[PDB]
Each structure stands twice: as structure tokens, then as C-alpha cells.
Amino acid sequence: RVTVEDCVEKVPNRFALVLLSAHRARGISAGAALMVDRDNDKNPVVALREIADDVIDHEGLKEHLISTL
Amino acid sequence: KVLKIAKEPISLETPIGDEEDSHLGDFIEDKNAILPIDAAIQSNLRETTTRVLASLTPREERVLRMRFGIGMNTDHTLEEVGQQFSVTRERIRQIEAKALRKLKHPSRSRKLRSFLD
Amino acid sequence: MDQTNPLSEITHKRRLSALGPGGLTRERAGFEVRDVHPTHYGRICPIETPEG
Amino acid sequence: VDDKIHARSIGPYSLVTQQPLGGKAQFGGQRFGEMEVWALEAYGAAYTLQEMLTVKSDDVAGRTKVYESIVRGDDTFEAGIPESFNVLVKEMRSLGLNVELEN
Amino acid sequence: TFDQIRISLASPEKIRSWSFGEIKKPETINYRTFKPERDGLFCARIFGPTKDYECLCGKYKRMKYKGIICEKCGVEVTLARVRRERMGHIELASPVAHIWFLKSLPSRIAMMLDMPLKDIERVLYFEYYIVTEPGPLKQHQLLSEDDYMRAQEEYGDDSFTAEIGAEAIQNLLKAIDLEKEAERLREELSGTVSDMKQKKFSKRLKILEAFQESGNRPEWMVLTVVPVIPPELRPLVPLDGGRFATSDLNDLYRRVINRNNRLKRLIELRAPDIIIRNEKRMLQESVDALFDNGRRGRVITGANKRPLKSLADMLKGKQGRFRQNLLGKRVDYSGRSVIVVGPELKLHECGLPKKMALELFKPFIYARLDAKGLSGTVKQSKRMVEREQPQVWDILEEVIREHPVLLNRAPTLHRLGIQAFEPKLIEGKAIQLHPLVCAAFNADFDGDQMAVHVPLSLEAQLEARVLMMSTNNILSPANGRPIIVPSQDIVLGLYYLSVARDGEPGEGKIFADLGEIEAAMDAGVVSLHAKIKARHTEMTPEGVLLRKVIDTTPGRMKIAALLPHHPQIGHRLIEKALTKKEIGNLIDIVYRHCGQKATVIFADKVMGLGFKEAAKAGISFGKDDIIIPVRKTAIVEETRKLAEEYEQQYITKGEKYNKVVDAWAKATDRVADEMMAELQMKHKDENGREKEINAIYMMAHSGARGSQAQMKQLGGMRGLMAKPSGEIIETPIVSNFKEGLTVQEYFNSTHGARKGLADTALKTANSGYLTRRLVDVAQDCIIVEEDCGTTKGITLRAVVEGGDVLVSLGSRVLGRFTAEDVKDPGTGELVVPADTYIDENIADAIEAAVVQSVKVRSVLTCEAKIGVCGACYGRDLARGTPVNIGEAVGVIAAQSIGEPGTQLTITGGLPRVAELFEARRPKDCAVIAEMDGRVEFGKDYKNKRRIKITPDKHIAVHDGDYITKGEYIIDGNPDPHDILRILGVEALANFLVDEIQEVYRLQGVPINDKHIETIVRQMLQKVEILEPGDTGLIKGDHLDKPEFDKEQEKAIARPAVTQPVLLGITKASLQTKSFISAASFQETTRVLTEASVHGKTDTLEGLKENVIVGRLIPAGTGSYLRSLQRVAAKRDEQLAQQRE
DNA sequence: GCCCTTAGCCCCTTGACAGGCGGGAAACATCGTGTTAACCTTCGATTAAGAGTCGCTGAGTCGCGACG
DNA sequence: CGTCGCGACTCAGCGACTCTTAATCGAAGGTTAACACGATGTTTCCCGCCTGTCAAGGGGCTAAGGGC
Ligand SMILES: [Mg+2]
Ligand SMILES: [Zn+2]
Ligand SMILES: [Zn+2]
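Chains as they are written, first to last, in PDB author numbering: chain D, 3 to 71; chain P, 536 to 652; chain B, 523 to 574; chain W, 1253 to 1355; chain Z, 17 to 151, 154 to 668, 673 to 927, 1125 to 1171, 1190 to 1290, 1294 to 1380.
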């Protein structure tokens, strides 16, 4: 339901908007998304909708997870 | 039995249509490749068994698992699983029968009633 | 045998296929034999032909 | 539309490559070809290509894993060596080549 | 894990280490019991058990034992997966020469010791004996008669020995050493002329350095032990009917085993020397056919008559790693259904049949039922969805809510062919596709099965929502034109809404709001002919604009209200007729100025608006729709009379051309022009109001489905039909499709149209081949660096023919970062900065003043070490935003170049593009001058003037005239190779770009220049090494070598210089660093040998490499994950440096 | 309200089968050998009606000079 | 003061990999010396060891009812 142009202004790469959004959705699977309501939406769509407030915070967690151990 | 003895195995690369595309090798099925669905029931049968065994006695659940093997694939017999717990006698068979008759009620054997098919 | 209807049987029976054993294959045809010669007039239809 | 419709999440797989069969014969799957994989290659959808031709079709050890993960609830997968690459390296190893992985 | 796959020669010891048991009998299974034999092509103890953890003879089939081996059968108990990985080996009684190295284009076995393949092939087949250890009896004398073998041996019976065959060639390869041979060839390559011997010496030195560097011994091309493919790869599954279906490789391996057993029995039996050598020759031929089967006599199977495929035949055709195995994987979780129009759906929502959504989302349905608690177990869930219970449909609509599905059309020519859609559980069994998006798919609804895919992963399900969504694929990757523009119906509706006529009810009746127009139209006071005044907000200046009472129309207001509120847009765009081109420019301007959300919402609204106003309009085609020109019979009679006046006296060809060109080819547009003029005139009824516009004329003018050529063919003169050779028909063809065509004219029509129809089916194959070549030459052209440190760029000049511009300079330069700041002519004012993005505003400012070519940074001038840069590719063609790192720029450009195919066209359009991309010498090879000023005469009596040096056939220059570099003697069709050898690389790139643009404009498919720029850059990845010292390679070489070799030579001193060489798209894989990328689409028997003997290791840097290997692609989301992996590795290294 | 007495359930000891994987012993269907000597001592297909190019070979034409 | 004795020379010539991209339905036809022990498996029951019933008996523990 949420477009990419509305949420790509914060992540002007269009690929970090995918990986970071997937990481945010996975975190929502264990409890996340305290910034925007779900509005009866799936995990990826809600992550893309709330990506306007976790542009840098999501990339750091993904980078830490990519690191071994 | 002499006839029908696989007189000539057809080439698996033979054409299937009017052209030489999509040979017979690309259309043969697999009777040994485990389908992902049948693996799903395997993983859930590993989950649905660990849950039903969590209600039994700890030592009794351990001896029942040793009778078949959930983590260890070495399927032990009655006496072999008997020595691991107590004196190897009919007591192990008795507790196994009691456990087997235990999870046969609609409460414990609820999700397994549609599992055996 | 294309037997979807009585016309398919007739058009399949009256089908001159330039491919098969003894003639050019589907690749062997080329842009030459895939044309219609002037002598084809009256003897072979130029419109009814497979699109593939 | 009946004779042409088709939908097979997981059907009978082949033998030479362990891939899902083609066509609507026996629960086939829409073959994802080189010219149709380039559509996702030019796209940024590399995770799809890392799961559509890696764990979806040609990973006998990864297909069941991804199916169990999807059934459990988590949309996570893993696929390192597809069966296509395995059969390719086995065929190349059949000749005088020394196709062998490392590090 | 694994990475950096490397190939080399398979050592006999390493081959034995790979195998698990030597097969000595050509027996697969038993005729009574279907079990593997002891030692054969299908073995249990050699390749593993046939059943999962079920040993042979029913002894360890309980799975309790995993490493225990049987006693009677000797097979170790293991799952059936090991039967596909376990290899085998056949220790041949005599060696055998590899078919890939013996018989091929480069004779890799003949390059050793400098012996031609014509004699190496004779010494291997035991025809001409070879001499070894000479000491009369010259080295490599190649003697066959027994005179010198026995009669000449009567010199004491000492020091006389020679061999023949595969063993002889193996001993010869063992005798030659790599280091000494390379050292001998080094001095033979330098300090000498090397006129003809250099061509072979270069290849020999390359092969020797590959063998020495890779560590492979020279005597490994001939193999004493042949490895066997595992039995699971070549299966023997019992087919339905008791007839086993054995693979092609099984028969070849059985033949090889039979030959080996026969040779072993002959050697142990002490057979005649002519039969053992003949047995070795038969075994060698069998091993040759088992590998390639093409270089030999094409040995056919004993049962079938089809040519048996081999280990090489599999990889070559589509049925191996090329198409069937690796690239074109038959992915599951997919669906193919006939598509139907989905106008009730949104642009980002495709219809999915309920009967297909269950089979597609079976695991997702199971997960939703398990999490929701509806189903206790997976088996119960499968039993629930299998019967299609009414409670699972509610879960299917809930699971398919934001899970996009990839819609894959049968033919794909660009990245928009795979677009993910939020599925809607529509009734029926057909994919309800959106009307606006099917144009980008190339899928009409006349029958087009759109294969639907479902991404399983959470990232793939999210990757299909950020990039593969239909809302994000508005602008096609070919150029800056939106591909979501209405094709046929919405464009017709908008044209009917925008057509304004001075005569209509409600003239100048001012309305209050937008709803007033519809309220008055429902009352019958105002018509839809767009001639009434009302109020509307245009929003031209900064901020909100007042509701100015515009003098516009009601029909253009219904479309104007759908336009988003933003400056530079409004009713000023709808003031035109709103044709297909104008409506595409409107969807482009709304996306160029406003965002993608508003653009997609306007596209969704206008489709519904155009649909609602097209059905209510009544655009049905009728007999009076196609109006034949009343001034047609007279012009036809006058033309046919003029065709007879000059025919009385008669040259016949001149009179014919006067009667076919000036008589029928001319005045056929006159009749068509008169028809168009009579069709454009709006007939006014007796009540002063025009009756209506012709529906066919509306379709032709709006651009939905009509055209001038189609109009003339339908109602005009129909033109003149073609011929098999291309000549125009001379007979009179005066009849339109509205009238009755007689038999002869219709036969000529179907004689001229079947040629184009075959071109749609034959030239499309050439289009597919060109697209395959481009994506595999441009796969490495991936944007990785955002901004490179380069300043030079290609010059982009607006192409012009005659006196007008063919393409606007503002459009050619739009979306490309400038190299140097463009200076406006006349006044020295910096209109554009040096290294900033060229936005649409910058392009408009540049086009506001007439300017010459502007220095533009392109992918050609990229100084990036790996991949392409971001400040050079410019703007991604997907949207108005600049290109981001990770996009497959090369793949996008290849798709954009292949999209104009199937409608192109010798040298007309498609063949010319294929010739220019492959860089072949045309039929008339042009020779560049390179001389300045005066030009002298060439040598005396050398059949041609090669070149004249003045340092200070057909000819087009004089002997004393002042010639300037650039003017080359040719009648046309220059050569790009000569252009690079004489002229610069940027000049060749500009020539190729202009040629491709001229071709695509003559055909009509506009393609962006950068899409050709990336292909031209990928064609320039090789550079001829002219280094006099430190490197003996003079032929072409990848640029990474001079990036590394030229840097290493400076740390030892001779200066190194290399001129860039241009190779065709097909020749890109010939010298590419990666072999999997080259062995994918190119010939698999030459690139593998070029990579096996060279020990080429695939670093998996490209896109096609990771696709075949299965790992994540280094482009796109995979590119970003690779960057994250690299930064994580750097962080781990920094952390390790902290703790010593 | 607490203590004594008796009944019911749980547990232990023996056991008379029942047959049941499995090697042995045996009766019977395979699988690789031989062996016989009356006459022919070159069998046979299969492209070859489009098309861009890689890898090699072998003919006719010239320079440099020596000996009359 | 010519040529030819003797050398390269590039020119021809000859071989040779692919046929987009998903799809419309599964299998697919021939070749026709005779016999003999032997060593080699194949297949049946038959007891050996052992596994699994339910029962019999009993006691020991637990608990419920009655009396002071
Ligand atoms: Mg269509
Ligand atoms: Zn066994
Ligand atoms: Zn660059």
C-alpha cells in the first residue's frame, strides 16, 4: 500500500531501503515498530512505511548482525 | 518374466515435441526426492512429538525417546533402553505400554488424530 | 492430428509441412522458404499458416 | 484458461538436476530462464535471484528448509550450493577439468 | 562455505582421489532385480546406497548405522544424496587424449612442442609412429613404415626405441618442460622479426605460462583414468511401462567401459600389435565421444538414431548449464494463467485466481493457519487446503495482503517484464492484470500467459515491494518516457474528452466547480465536446494558486482535476488534443515534476476516467467510420491513364519505375492525404452543431491503434506490395480493405505481408541472440562507485539531419552528469556547473539557448577499477532520481537495446546493430587516413596502397592533395576496428552511439545513449599490450592486467604502454577474466579449455557467475549486502587489530 | 475426633506360549567359460536449399647477388 | 649488364558454435547356430534367542468405614 518514492527520500539508495526494511520487519517479528501503527499491514509494508524514522538505526543493527559472532 | 525385461532403455535425452526442445529427461519425475511438504510434516512431527512427550514423566519420556530415538538415531530395543534406566526387565515394557496408552485421549492425542491419515 | 473440429481435421490433412525427415527442419528453413512464391497462387494458401 | 492455468508451489522434481518439472504435466513450475532472470538481475532484486534459482528450485537441502521456515512463520532462508551447480561441477569433474571449490 | 571456484587439469591421482571405486564392468543393474551391479556404471559400494540410509542386501537399512560398510556387498550406508556427489574413475589400460584439447579450434595438445594437430592427430590414432630419444632418425621424424623401425635398426641393436599413440603423446608431453620451453620462446619472441612464427609463439608462450603458473603438468591433457559422472546425474529411473529411461551419458560410459575391458583383455592376452593399437584407437574415440561427441564421427546410440549427447553436448545446448540447468531453472512456487484486463484493480494490484492462489501460497497459508490457530498441525492444514474448505479462503485473502507476486510474461525484453503486484483474490481462473501495466509487459490480452511467481523470503517479499512493484516501474528503462502510458483505450477516452468543437450545447456557460460540469452533463444542458467554460486551479506559480476562471473546456477539466496540484503542471498540459504522445508526455511531466505516488495515482485515475468516458462515448467501428475519399476514383483513373501514355513507345525498366514509383508509389500518398483531409474535416449538421468525429480518425490521431500507414492500407490506396527479393509490385493495386479486394491483389498483399510476419518470427530470434550477447557482455558493468575521481567525459552533441534536429540535445544529455561546466554561447555565463547532476530544470536551461555538444561524464570515461561509477552513468532510467550504486547498469542497457528488437528491419536495423556490436569488418572495409596534409603513393606493385608515412583498388584521394585525418576512402559502412586503431576510443564510442541511434530512429524505438555507452564500454574491456619488456603478450588483454601489470613493472625499473582494442560482444567472453561468465553462453568446449589449461579461477565478481553458482548477485540488493559484508569484514579486521 | 481394621489399587514374580530375523542345509535356477571344424576373407549413410565469425594449410608474385 | 638460384610474403583456401524468452500432450520400433559340467547364487523350513501377551499368584501401599 505504501509507495517507495514516499519513503525513498530518506534512503536515497533504493537498496538499503530493502535490506534495512527487511531487518526492521524481522525485528518486528520479535517486537518492533513502535513508531507507526500497523494499520492491518504485513511486516515488509509496515517496515517500508516506518522507514522514515529508522534510516540510520536500521543500517547499524544490520551491519552488526552481518558481523561474525 | 522373460518378456518385459527392459529390452531397450530409451535415451533420456530424446525429444518430446515436434522439435528437439524439452527432452524426456526434463519431464521424468523423482520418486526419491523428498518433497518440501513431506519434510514439513517431518519437522512438525518432530515438534508435535516433543510437545506430547513434555507431559510425560522426565525419566519416562527419556526412556520412551531412547526406545525409538528423537535426537539419537540409534533405535534401541526394549532391553537396551531398559539398562539405561533401571533393571532390564518387563518394567520397561510396562512403562512403555502405560505411556503409549497415556497419550491416546482427545486432550493429548488431539493434533495427532489427523496426523496418521 | 489436430482433431479439434471438422475443419481442423481437413486443414491438418491438407497440410503441406516442409519440415520432417527428407526436408528442411524448422531451423533449416530460413527467410527464403518461409516466403510465398508467385506459383503458390491457387495451389497453396498464403494466409493460413502457423504463426510460430 | 483451464487447460492453460497452472499453480504449483512444490511439485515433482527432476533427476538430472533435481529441479521442479516443467509444463502442466505434473505440478510443473514456470521455468525462470536466462532472459527472464536478467529482469531481476538488472533490477535490484538479487535476494530473489539468490532464492528463486538458489533455494526455490535447485536446492534439495535448501528447498525443504525454506518450506519449513515459511510454514513455521519466519520468512528466512539459506542456500549455499544449488543442485544445478552441483550437477554442473560433477559433469565438469567428469572430464579432465579440475572444477573444485576453495576457501 | 566456498568461494573463488577454480578449474584446471584433472590429475589422474586427483581423479582417483575423487572417485570411490574403479569400475571394470559395463553393467548398470540386474535384469531380474533392479539393483546396482558390483562394479559398473551404477554401483552401490562405489557411488553410495540407492536408498536413503538403506544399505544393500537388507542388512543396515534401519538408519542406526551411518558410517558402517556392508560385508557381502561392501556398500557403506548413507543417504541417497551421496549417490549424486560420489564420482568414479576408469583406469584405462592405455591413455586417451582429451577431446577438448586434442580436437578443437586451438589445438591445446598440438601447442606443446610446436607440432601441428594434423600430425598430432595421426600419432594419436596409431597411423604414423613417432620417434623418441633420437640418436638418421631425426627427432619427431613421424615415421610409419617398419623399414626405419627394423631395417634401419641394424646398427648394433642398441639405443633404438620409439612409441606411438596416446602413450607416445603422453611421454612427449612429459618430456617437454614448461620453464625451459617458456624461456626458449621468450628469446625467440624478442630481438627478432617474428613475422609469421609470432602468431603461434604467442599462443605457445601463453599456454606454457598458464601450465607453469597454475601448476598443471603438461602431460595431463591425455588422461589414463577417465572420471565417471555420478549415477544420480545420469539416472536409470524405471519409466511407466517397464521401460527404463537411461541417460545419454550412461550409454557413452558403458561404451567406454567396454572399450577399456576389451583393451585390458587384449593386452593380457598378448593380441597382435595392430589390434591392440587399434583397440587403443577405439577406446580413444569412445572417450572422445563421451566428452564432446561433436569432434568425432557423431557416434549414435545402438537403440535410437538421435546423436547421443555427452559431457560437452550438455553444457553447449539449452539442456545444460546454459539454459536448463543453471540460468533457466524451472522455479517452483510459480503459476501460469491466461491474463484478463483488470481495470477495477489498482495499478499495483494484479488479479490472482483463487484456484491458483492456494497452490501458490500453500506454505504461507499453512503458516497463517498455524499462527491463527485454525489448524493444529501441518498435515491437518494440508488436508484443509487440499479440499478448499470455506474457512481457508478467508485466510488466503489475509495472507495475500501486502505479499507481492512476480508477474512474468512469456517473452521478456527488459527489466519491466518481471513486475511484482499485490495480488487480489479475484474470481475465475485468469490473472486480472492492470490495463496500464500490460503495455510495459508487452502482454496484450489476446492470449498471453503471464507466469506468476511468489517470493518466499521476507526480503524477496519486500524486494518485490520496493523495486519490482508496478508503481515503481512507471518510466521504462529504455528512455525517459513513462511505460505506464495508456496504450489503446484510456488514450482514446482522453482524446474523446479533449476534442473541442465550437458547436455544442452550453456554449461559454461558466460553471462553479468540477462537479458542476458533471451535474450539468447529467441534465443534458452541456455536452462532452469540450466547449464550455468553468473554474479550475492550475497551480502554476510558487505556493497555492487562486481558483482562476479559465477559458478551458469541460472535457479537459475531467482530466485536469486528476492532475496533481504542483507548479509547472495543470490545465496547460491538457489544452492539447491529449493524444498518446501528449498523454505520455503528461505522465512524464507529472513524474518529472511531482513524485511517483501522485504519478501512479494519476495514472490509476485517468485509466478509470478514460475507461468511463470511452464506453459512454460509443467509439464503435462502423462502415461509415472508415470513409473512403470521394476524390479517389478520379485520381486512380488519371494515374492509370498516365501509366499508359509513356508505355506506348516502350527502356522497359525506366517505364516500369515511372509506372510503379511516380504512378503508384507516387499519388498513393496523394489519395491517402486526400482521405486524411476529408476525414479531419468536422461535418456540421443542419443545426449548426457537428455530428461527430470518425472513430477510426480518432484512433489514428490519438495514437491508440491508428496510423497514417494503417489508415492508407485500410481505406486509402493500400500502397504496393513487396516481392521475395524486395522489389515493388508493378501491377495496379487500387482497393482498400473497406472495399472488396480481388484474388490477385489480396494474393500480392499476403505475399508482401508474410515476409514481415516471418520477420516478426525470424528476426525476433536475432533480437533474442543480440539481447543474450548484450546481457552477458554487460553483466560486469555494474554501478559500484558513486563518484569516481575522473574529470574527462564523452562529448554529447545533438544529432541533426538536413536542417532540423533529430533528437533534442536536452533529451540526450538529460540524466547524465557533466564532465566540464557547459558554457552558454554568446555570453560567458555558467549555465550548468561542472560536476553536478543534470536535472530536468538544468536540461531546460541548456536547451533554452542554442549550444554545441556538452562535456558529459559517461560510463566510457569511467576510471573505476571494478564495475561502473555512479557520476558517469548519470540518471537511472527507472525514475527521475540519479542512478544508485548496485544497479545492474549493463543488464539494464542490454535489455533496453534488446527491447527494440522483434520490430526492427542485410544492414537494415537489426543486422546492422548486430554487426556494429560484434565489431565485424563490413563488406566494404573502410581504411582511415591518419595522414595530415600531403599524401604520397604506396609501394610499387604490391596490389594496393597500404599506408604512406610522411613524418615532419578503389581510391578516394589524390597523389598530391592535402589530406586531413578523418576522411577515409570508402563507399560507406566504415569499420570500428580501424576507427579504434587510427582514431580515438571516444570517437569510436560516439560513432557506435550515433549509428545505433540512427538505426533505432529509422525503426522508431528511441533508446537512451547511456544504454549503448555501457555496452561500448564493456566491448572495450580489452587492451592490446604493446609492452616491449616485462610482458610478452601482444594480443588483447583485460584492462585489469595493465591496471596490475603496468603498476608492478614500475616497481622494478621499462615504461609500459597499451592501446585499447575493441572486440565484439560475442568476443567479450573470449578474453574475460571469469570463465563461468564466459562458459555460460559462449562455446563451452573452447572457453573451458581456455580456462582449464590456464587455471582461470572464478572470483564470482560478476552477475552471471553468482547466478550460476547460486550465491547472491553482486548487483542490486545483493550489491548492497555485499557492501555490508565488506564493511563488516573491515570492522572485524579492525577489532582483531585491537586485541593484537 | 482419632485409632484400628479391612477392602481396593498398584506393583512384583513366573510363565506358556508364537513367531520371527536369520544362518544352515538343501533343492534348484543362473553366468562365466569352453567346444564344432564340409562353401562367400571390405558392411554401410548422409549431410549437402540461412547465417556471423575462430584455427590451420599451400600456390604465385617480388628482393639479394654471382658467374659469363 | 640481363636473368635466375634461392628465399619470404601475404593472400587465398579449408575446417567450425548458435538459433530469443514462458508456453500447446506421454509414451515411443528392430537382431534371431546348439550343448555341457561347474561355481554361483536363489529360495524354503527350522530351529536359536528373543522378543511381547495376558493370565495366575502374592504382597505392599493407599484409603475408607466403624468403634471408643
Ligand atoms: Mg497480447
Ligand atoms: Zn548390504
Ligand atoms: Zn566513472
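We put the beta carbon where it would ideally sit given N, CA and C, even for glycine.
Proximal residues of chain Z, C-beta to C-beta of residue i below 7 Å
{"i": "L63(D)", "result": "Those within 7 Å of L63(D) in chain Z number zero; the least Cβ separation is about 11 Å."}
{"i": "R556(B)", "result": "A780, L784"}
Buried versus exposed call for residue i [16 or more other C-beta atoms within 10 Å across all chains shown]
{"i": "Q614(Z)", "result": "buried"}
{"i": "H1248(Z)", "result": "buried"}
{"i": "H583(Z)", "result": "exposed"}
{"i": "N579(P)", "result": "buried"}
{"i": "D39(D)", "result": "exposed"}
{"i": "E631(P)", "result": "buried"}
Chain Z contact residues for residue i, given Cβ-Cβ distances below 9 Å
{"i": "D41(D)", "result": "Result: empty, since nearest Cβ-Cβ is about 11 Å, beyond 9 Å."}
{"i": "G574(B)", "result": "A783"}
Contact under 8 Å by Cβ, residue i with residue j
{"i": "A458(Z)", "j": "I501(Z)", "result": "yes"}
{"i": "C891(Z)", "j": "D802(Z)", "result": "no"}
{"i": "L223(Z)", "j": "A200(Z)", "result": "yes"}
{"i": "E909(Z)", "j": "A24(D)", "result": "no"}
{"i": "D652(P)", "j": "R78(Z)", "result": "no"}
{"i": "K30(Z)", "j": "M127(Z)", "result": "no"}
{"i": "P122(Z)", "j": "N276(Z)", "result": "no"}
Chain P residues whose Cβ lies nearer than 8 Å to that of residue i
{"i": "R1315(W)", "result": "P571"}
Proximal chain D residues relative to residue i, where beta-carbon distance stays under 8 Å
{"i": "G1280(W)", "result": "Those do not exist, as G1280(W) stays about 28 Å from chain D at its closest Cβ, beyond 8 Å."}
Own chain partners of residue i with C-beta closer than 6 Å, once the 5 adjacent residues on each side are dropped
{"i": "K327(Z)", "result": "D266"}
{"i": "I444(Z)", "result": "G369, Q450"}
{"i": "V618(Z)", "result": "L365, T489"}
{"i": "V317(Z)", "result": "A307"}
Cross-chain neighbours of residue i in chain W, by beta carbon under 7 Å
{"i": "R16(D)", "result": "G1296"}
Same chain only: Cβ atoms within 8 Å of residue i, ignoring 5 sequence neighbours per side
{"i": "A595(Z)", "result": "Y513, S516, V517, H723, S724"}
{"i": "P361(Z)", "result": "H452, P453, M625, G626, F629"}
{"i": "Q1255(Z)", "result": "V799, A800, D802, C803, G912, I1305, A1308"}
{"i": "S177(Z)", "result": "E149, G151"}
Within chain W, the residues that residue i reaches when beta carbons sit closer than 8 Å
{"i": "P65(Z)", "result": "Within 8 Å Cβ-Cβ: nothing; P65(Z) doesn't reach chain W, min ~16 Å."}
Cutoff 7 Å; reference residue i; Cβ partners in own chain excluding five residues on either side
{"i": "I715(Z)", "result": "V517, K704"}
{"i": "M721(Z)", "result": "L510, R727, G728"}
{"i": "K713(Z)", "result": "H705, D707"}
Listed by chain order, chain B residues near residue i by CB distance under 9 Å
{"i": "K777(Z)", "result": "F553, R556, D557, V558"}
*asked:* Taking 8 Å as the cut-off, does the region 468 to 481 of chain Z touch the region 516 to 523 of chain Z (at least 3 CB pairs, one atom from each stretch)?
replied: Flag = no, the region 516 to 523 of chain Z and the region 468 to 481 of chain Z do not touch.
*If we count Cβ pairs, one from each stretch, closer than 8 Å, do we get three or more for the region 281 to 289 of chain Z versus the region 584 to 601 of chain P?*
Taking 8 Å as the limit for Cβ pairs, the verdict is that the region 584 to 601 of chain P does not touch the region 281 to 289 of chain Z.
*asked:* If contact is defined by three or more beta carbon pairs under 8 Å, each pair taking one atom from either stretch, is the region 167 to 179 of chain Z in contact with the region 1224 to 1238 of chain Z?
replied: Short answer: they don't touch.
*May I ask you to verify whether the region 784 to 796 of chain Z touches the region 843 to 859 of chain Z, counting CB pairs closer than 8 Å and requiring at least 3?*
As far as the Cβ criterion goes, the region 784 to 796 of chain Z does not touch the region 843 to 859 of chain Z, which means the pair count is below three.
*Count the CB pairs spanning the region 1290 to 1307 of chain W and the region 403 to 417 of chain Z that are closer than 8 Å, and state whether there are at least three.*
Contact annotation: the region 1290 to 1307 of chain W does not touch the region 403 to 417 of chain Z, with fewer than three C-beta pairs closer than 8 Å.
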